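Have a look at the structure below before the remarks.
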């Protein structure tokens, strides 16, 4: 079931006709971790946008986590980012084993895809994220409320307005606004209307919860709240 | 013992704590002058406190000009919501913003007192009882 | 007043029924379907 774990293997033998004894078990053999297939899935990534609202150019810092054993399978030697744009077409940038990359977003639509590469090749199923200036205005989240359930779980719930755009999935993003916390994020199916976030949440602190609707055409306008709803 | 209580009666009382070992007393010792005139001197024009995270708060201040030679600052902070031990730290007078590393719960009401410390003694603190929302 | 020790997620809607129990049998419960915000 797991191609990238060390298995111990021992073999013993006996006469096929049954007239005899079993041999002792052989000295254990162990696998060496080598890449055995390309990675099954590319890493989940999100973006930080550093840019004054008055500038046409914005710095987009992509952030991902290293793949877990199930998704990397055995190893990731380096990460390569495939960029796709209407004007410059497709190009690729090798990021090595770094988990963060910052590029300049200039075009009206820029689709980015992060690939994981091992000694055999690139990951089969990869996540993409389209950065679109028109789409950043689309708002489908009618209401958004956040209630801390406990110090280990917050429900974030939302109601959706009808939309002509095919919603693919949600990403909930949360950060403390009281802390310089790392921006934590998670991808969630578009079928979901309430989610249990498991993280350490101190319920009085002010957390920003941003629900980004993600469409084929790109990231919609987030709904943002800066306090828990007392109602 | 790490704590001592004395009666302050005079207009000016300078105190110095010495550490002594089997050879003798400490070479370089801190002093603190308690002066009733100086307790009225206020040089801290504004004081604001903003929690940066649960492990660091910047306390920042602007200074008015002063004829007294400021030696250093001490920032003192305590929860006003908790019976917390009064925590304090000495900071150079050259500093105008400092990163306090302690466990800070950002909504709780902390009192931050910036005491200006002069040769003539402790000046009047500037005190705030809430984080500045501005 | 009683302290119930169980895993309670405070926003979820819990029904709490207090049944008064008499020699003659179970009385009418008082029922609430939400926490009291007052």
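What you see of chain A is 601-831, where the numbers are those given in Swiss-Prot.
Method on record in the header is electron microscopy, 6.4 Å.
The backbone N, Cα and C atoms fix where each Cβ goes, and this holds for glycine too.
Residues A:670, A:688 are shown; Swiss-Prot lists N-linked glycosylation site for one of them, A:688.
When the ranges A:612-616, A:617-621, A:622-626, A:627-631 are checked against Swiss-Prot, the one recorded as motif 'WSXWS motif' is A:622-626. Using a Cβ-Cβ cut-off under 8 Å and counting only residues 6 or more beyond its ends in the same chain, the motif 'WSXWS motif' (A:622-626) has close neighbours at 610-614. Using a cut-off of under 8 A between C-beta atoms, the glycosylation sites A:624, A:659, A:728, A:750 that neighbour chain C are A:750.
Residue A:624 (N-linked glycosylation site) sits 45 Å from residue A:697 (N-linked glycosylation site), taking the Cα positions as reference. A sphere of 10 angstroms centred on the C-beta of residue A:728 (N-linked glycosylation site) encloses 14 other C-beta atoms. In three-state terms derived from DSSP, residue A:697 (N-linked glycosylation site) belongs to neither a helical nor a strand segment and is classed as coil. With DSSP classes pooled into helix, strand and coil, the tally for the domain 'Fibronectin type-III 3' (A:639-732) is 4 helix, 52 strand, 38 coil.
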